[PDB]
Structure formats: structure tokens, C-alpha cells
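S.K.: only the shape, not the letters, is given here:
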């Protein structure tokens, strides 16, 4: 005869069996859109810096070299006219910025989440976990609470709020979702990244070109994924499996990317050769992830890389010796959306599956079986997620 | 190699287990009996006589004996804007806490690691939680660097969560440890009230409540599945971890990070809301385990204020002994936000051993840990004790 319920019995019945699987991806952007070709004129106009001719020249080259075609931005000329301190380089403006992003970040998240949930096709009540990630603003209760309420999720959905994370955190949310889905039978994780540049937007200064780099690259967007183990093939449609997820700090990278939340909003600093650091270390990250899987040809896997800037992509591609095709999905998202911080790699994942289907590839990973997703950010931190594709009909 | 093969080898086998607990506080200590005089003196507020009387009653009722505070009179003199009720001071506050939060976390982590007795290189994950300040890279990066952890430690940085997050960090550590063979998770909560300290104002008393209750502290645990029971010494097992939002609690506890620092706003009856809903939380957690007698389990509850504890006790009908460890920590440390429940777990296993009880949970096999915070959010962690050996 059995004894009372034991912790061992609970654990056995509680855990899921298979790998965490991406079951849906939805994305959303602000409606307002600005062509990169027009951005130097627009930016220097609305920040009233047109007299800074040599600086505008520098900014022109930064935009021209960004390999970005357009970005979406919640911030409009009208909003900026109501917030003149945001147009200065460093004027007190955190409250004004918070007032915007504490509302707009979960609102944009809702739009991406609704699309993911519609694709998924299951009731909202079946969502067991919500992971929300942003680098734009902070509040209590957080954007996770706001989104859960907006979506009408169950009150006992398990939430994790990831604040002030930075550009590597698309990798981080997948790494978190992986453990949540795999360790909990029936778990269906809604994971959302939502980024709004109103917290970082600021005017130009001659003494801080690295800050102007941010003004050339950063754009707005949100992406949502549904992640679960043990998909029900009768009603769910797997897109990618997660296999492993790791995070590391690169040697000799202290202070390479710093960000501080101050009374003037979120400031961005660059101190080292970020593309050089990443490309110098990327092969060891690849080996660490793939040697245990018996994989060594980096041209034989599909690629999702955080497009921090075009230089990162160029130098990784050259260092590793990737065929030009490998970075196409990544570069597409950089071109059409710019650098949306944590949400980028999720947009690229979406692009990857969609083009794979449209182009009649054999798998959701451009015909390949294994793939890698990289997040890059403050640390210098590298998130590495090994993916496996799924066959397409 | 197939993905199914990888997964079977990758995952751990048993329940996430707390293997060590370490705690630390700033050196500077203030007796609650002295605090109204002190607070009204340094904030130059002596003329607000009726208000000081109200604050005196708040501290009298707090059931706090003393608190530790990084903030000193000397630091406050250098930051006069922090002593106003509302003056621009976020930068000053950030300058302090971005440094002090991971520093205090380091002290607690070193003690946990010493107790654990394994090399630092065996730590695979670091979860860091604070409600005091934000930065990039975060306090998690700073702590990893300060401790000399492996560069590829998997970090999770939990910012701005508030008082329920001691529950949250355990909920996170649980899934990390259980889903990853060999994983050993360092989880740290570190809270420093420099971010919320401000002068008194007769127009907002809920802000003065915070000045009466909040104190500084950090706690660290090592969590792992499949312990080596010869060299690793289990203290508590986690069994389930849940989170919920109480009905009709919208706006009960709000906190905003502004140019004047972190402000807090109470809008509903928090002890009433919690006590009204706590039996349902107990039920949701324990019914699947065949457990219904709330006096037959050990208790760890976030001591948000004495009224929460009193009203939960009265509603549930708890023997007064059940809240002893919780009230001890509130008495000796005040409300240290997320770190509190970890201090209380430490208190419970220590007193259990001193009293000669049969388990780390005051002689009982099962227990519950509650975090309470903005939402109104309740974290519920079901624990199992370990026989004292």
C-alpha cells in the first residue's frame, strides 16, 4: 500500500518531458515610421541643432553606414514638442519619459502578444507563465502585471518581470522560458520583449559621439512567443526547439557597453571595440555550444544574431567565414526595423520561419537542422541559444 | 545526437533543495525607540509637532525593535535633496545603491558559499534581486565579478520587483536547479532604503509608513537538485511555487521610480486583502498534497507590517508559535523587502536546531513561504523540511 504523497512523486508528476518548443511568434511596432535617409535632417531639426553643421555631417555618415532603411518610433514630432527637455542632450526628463513608456511598453507588448496568441489558437486561460522583458522604463507593479491584466490572463499566471536588461535579453527571455516550459508539465509560456526608445532619445552633443550612435541605430518594437514542451500536434504547430542556452561575459570587455538610468533618462556609453570583442570570442562560444553536439561547421547551421550594429555582423561573418546567406534574416530585420534591443532576435526568428515557409525550404531554419541564436549586450554579455528547426510540409 | 537524447541527459533528477543560507546587514544600526527623534531631527522637521506624534505611534505599533541602514547622518548631510520630501535626488540615490546593493549582496553570498563548502567555480547560475536602483550591466554582473564566479555563470537580474520577490527568486531558482543536471544556483536578495528615504510631509502619511517599516539587508541561498548528502547539507526542499494576483486589489501597493527617487503609495486595506485571500492560497497550494490543517505546517511569511501578520494569524486561526520566526526577523531587522523571507528561513532552521526539534521546520514535515507585494501579488512556495541530522 502507498504512503502519503511524497516530494519525489510530486516532482515526477510535475515535470514536462520534451524540449521547450516555440509554438507561435507575433510582432508589433508603433505606427509612426521614419526613413533612415530622412533621419539626419529630421533629428537635427526637431532638436534645434542645425547650426551644429560638422556634427550633423558625422551623423549623416552614421546613418548612411547603419545599413538601416527605416525605424518605427512611438515618439513623434508632436510628442517631442510637448517635451522640450527630451530634445536636449542631458536635461531632467526621466518623469516625462517614464510617463510615456510605463504605458506604451505594455501596450505595444499587448499588440505583439495578441498576434502570437491568435496564431497559437489556444484559449488565453491555457497560458501558465508570462515572462516580460524591457529596457524601457520601470514601474511597480511592472509591465508584466499590466500586460496580464490587458490580456485577461488567469490571476495565477506565473509572472517574471525582466527590467533594465539591455540588448542581450532576447536571448535571456528564451533561456528563462526554456526552463519554465521544460520543468513544468502543461506549462505554456508567453514571453514578450517590448522596447520603446523614448527613454533613450536625446539631442546631439559634440563630446559624446557614442550617444549619437544610439540615435542612429535604436528603434521601437515588441515581439511575443509562445513556448511549451510536449506540443499537442493535433492543435499546436512547432516552429523551433530549444536545445541549450548559455550566457557568458567576454574577456577584456569591462565597460564596453554601459547604460545608466538617470534623471535625464537612460544614457548609453561605449568604451571598447564591441564588434572586435564579439568577433574575437564568437568562435569559442560556438565551440562551447556545438562541440558537445558533434557540430563544427558554422556554415551548416542557421543563424539568428542580435544586430547591435552592422559592424558586429560584418566582423562576425568575416571572422567565422559565413556564406552571405547566413546573415540574411538578421540583416533584413536590421534594415526594416533597426536595432530594437531585446526584441530583435525574436523578430529575426519570425523572419527566419516566415521566409523558410515562403521560399519552400525543407525546415523552419532555411533547410538546416541546427541553428544558433546570439544576444549581445552590456557585460559584455553573450547569450547563446542552440536551436533545432522543424520540418515544413 | 538527437534533441531527445540531449534533454534526458541535461535535466536534473530530484527537487530543488536549499543547501545554505547566509545573511548580512549594513553596520549602522538604529533602535526603533530612537527613530522618531532621530528622523525628525536630521530632516529638520521638529516644528511638525502633530506629525511627529503620528510617526511616533507608527513606530510604536511597528513591532520593530531595530533596523540596519546604510544611510547615515553624514551621508544625508552630503545629500540634502534626499532629506526633502520631494526634491530631485534620483541621481544621488542611484550613485549610492548601484554600488552598495551588490556590495551587501557579496557579504551575504560569501557566508552562504562558506556554509555550502564547495568551490565558487561550482556555481552555475546567479539570480540577483533588488528593488533598490537599476543599472547596466546589472548588480548581477557586479556580484559575479566581485565573487570571481565563472564568466559563463548563467545570470538572471530581477529589478524593481518589491516585497514579494523573495518568493520570486525561490520560484526562479527552483526551475533552474531542477531542469539542469548539476546546477548550483546562487540566489541573492539585497535591499537598501537609500532609494526610498525621504523627509516627512503632513499631506502623505502612507509615505511615512515606509520610513517606519523599511530596513536594509541581504540574504543569499545556494539551491541545487540531487545534493551529495555527505558533503552538501539540505535545509529545505521546494515542492511547488506559484504566484497570483488578489481580486479587488488594484492599486493597493504602487511604487514609482521618479526624479525624486522611489515613491510608494497605499490605496487599499492590504492586511485585509491578504487575510481575506490567504486561505484560498493555502488551499491552492496544499489541496493537491492532501494537506488542510494550517497549524500542522511551518510558516514563513513576508512581514510587510505587523497588521498583515496579526490578521492572517487571526483569520487562519494559527497558534501563536507559527509566526514566531517571522516576527523575530521583523523585530530584529524590520521590513527588508525581498530579503525578509530568506532571513526567516535562516532563523527557522537555526532555532529549530537550537530547540532540538526533529526537523528544520520546527519539527513539522511541510511548510509554506509567502511573499506579499505590488499587485497585490502573492507568491506561495510549498516547502518540505529535512530531518535534523
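M.R.: Sure, I can see it. Numbers count the residues shown, from 1 in each chain, chains lettered A, B, ... in the order given.
S.K.: shouldn't residue A:320 be in contact with residue A:298?
M.R.: Yes - with contacts counted by CB atoms under 8 Å, residue A:320 reaches residue A:298, the gap being 5.0 Å. Where C-beta positions appear, they are placed from N, C-alpha and C, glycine not excepted.
S.K.: quick one: common contacting residues for the two?
M.R.: Listed as contacting both residue A:320 and residue A:298 by CB atoms under 8 Å, 6 or more residues apart in numbering or on different chains are A:283, A:286.
S.K.: more neighbours, those two?
M.R.: Set side by side, residue A:320 and residue A:298 show more neighbours around residue A:298, with 20 against 15, by other CB atoms under 10 Å in any protein chain shown.
S.K.: so what's that one up against?
M.R.: Going by CB under 8 Å, 6+ apart, residue A:298 touches A:283, A:286, A:320, A:321, A:322.
S.K.: what helix or strand is it located in?
M.R.: Assigning secondary structure by DSSP states H and E places residue A:298 outside every helix and strand.
S.K.: out of everything not next to it in sequence, what's closest to the residue of the stretch 51-200 of chain A found nearest chain B?
M.R.: Nearest to chain B, among the residues of the stretch 51-200 of chain A, is residue A:140, at 3.5 Å (CB to the nearest CB). With sequence-adjacent residues excluded and distances taken as CB to CB, 6 or more residues apart in numbering or on different chains, residue A:140 is closest to residue B:255, at 3.5 Å.
S.K.: surely residue A:357 meets residue A:365?
M.R.: No - in this structure residue A:357 lies outside contact range of residue A:365 using CB under 8 Å: 11.4 Å.
S.K.: hmm, residue A:22 and residue A:239 touching each other?
M.R.: Yes - using CB under 8 Å, residue A:239 is in contact with residue A:22, at 4.7 Å.
S.K.: got a list of what residue A:174 touches?
M.R.: So residue A:174 contacts A:191, A:225, A:227, A:242, A:245, A:345, A:373, A:383, A:385 (CB under 8 Å, 6+ apart).
S.K.: packing partners of the helix or strand hosting the third one?
M.R.: Okay, so that is residue A:227. Using DSSP H and E, residue A:227 sits within strand A:221-228. Judged by 3 or more CB pairs under 8 Å, 6 or more residues apart in numbering or on different chains; DSSP states H and E, strand A:221-228 is in contact with strand A:21-28, helix A:94-120, helix A:169-182, strand A:188-195, helix A:344-358.
S.K.: one step back: look up phi and psi at the residue of the stretch 51-200 of chain A closest to chain B.
M.R.: Phi and psi for residue A:140, reported as degrees, to the nearest 10, are phi -130, psi 120.
S.K.: so who does it touch?
M.R.: Applying CB under 8 Å, 6+ apart, one finds that residue A:140 lies in contact with B:131, B:160, B:161, B:162, B:253, B:254, B:255, B:256, B:374.
S.K.: swap in residue A:73?
M.R.: By CB under 8 Å, 6+ apart, the residues touching residue A:73 are A:30, A:32, A:33, A:34, A:197, A:219, A:220.
S.K.: recalculate using a threshold of 10 Å.
M.R.: Contacts here follow CB atoms under 10 Å, 6 or more residues apart in numbering or on different chains; on that basis residue A:73 touches A:29-34, A:39, A:79, A:196-198, A:201, A:218-221, A:338.
S.K.: just the ones of those residues in helices?
M.R.: Secondary structure from DSSP state H places A:39, A:79 of these in helices.
S.K.: among the contacts of residue A:73, the buried ones, what's the PyMOL command?
M.R.: Command for PyMOL, covering only those of the contacts of residue A:73 found buried under the criterion 16 or more other CB atoms under 10 Å in any protein chain shown:
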select buried, chain A and resi 29+30+34+39+79+196+197+198+201+218+219+220+221+338
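S.K.: where do the strands of chain A begin and end?
M.R.: Using DSSP state E, the strands of chain A run over A:21-28, A:33-35, A:70-72, A:129-134, A:158-163, A:188-195, A:221-228, A:240-249, A:257-262, A:265-270, A:302-305, A:370-377, A:381-389.
S.K.: so the fourth one versus helix A:94-120, what angle?
M.R.: Comparing the axes of strand A:129-134 and helix A:94-120 via axes from the mean of the first three to the mean of the last three CA atoms, to 10 degrees yields an angle of 140 degrees.
S.K.: again, but for the first one
M.R.: Relative orientation of strand A:21-28 versus helix A:94-120 (the same axes, to 10 degrees): 130 degrees.
S.K.: sheet-wise, list the partners of strand A:21-28 with their directions.
M.R.: Strand pairing for strand A:21-28, determined by DSSP bridges: strand A:221-228 (antiparallel), strand A:240-249 (antiparallel).
S.K.: next, show the common contact partners of residue A:239 and residue A:22.
M.R.: Both residue A:239 and residue A:22 are contacted by A:225, A:226, A:231, A:349, A:350, A:353, A:364, A:387, A:390, under the criterion CB under 10 Å, 6+ apart.
S.K.: the residues you listed: which two are farthest apart?
M.R.: Farthest pair in the shared contacts of residue A:239 and residue A:22 (CB to CB) is A:231 and A:350. Separation: 18.0 Å.
S.K.: who has more neighbours out of the two?
M.R.: Using other CB under 10 Å as the criterion, residue A:231 and residue A:350 rank with residue A:350 on top: 24 against 19.
S.K.: surely the more buried one touches residue A:25?
M.R.: Yes - counting by CB atoms under 10 Å, residue A:350 does reach residue A:25; the two are 4.3 Å apart.
S.K.: need the residues touching each of these two.
M.R.: Counting by CB under 10 Å, 6+ apart, the residues touching both residue A:350 and residue A:25 are A:112, A:115, A:116, A:223, A:224, A:225, A:239.
S.K.: give me every residue that touches the third one.
M.R.: With CB under 10 Å, 6+ apart as the criterion, the residues that contact residue A:116 are A:22-28, A:190-192, A:223-226, A:346, A:350.
S.K.: please apply the same query to the fifth one.
M.R.: Neighbour list for residue A:224: A:24-28, A:109-117, A:119-120, A:130-132, A:147, A:190-194, A:343, A:346, A:350 [criterion: CB under 10 Å, 6+ apart].
S.K.: which PyMOL command selects the buried ones in these?
M.R.: Written as a PyMOL command, the selection of buried residues from these, which uses 16+ other CB under 10 Å, is:
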select buried, chain A and resi 24+25+26+27+28+109+110+111+112+113+114+115+116+117+120+130+131+132+147+190+191+192+193+194+343+346+350
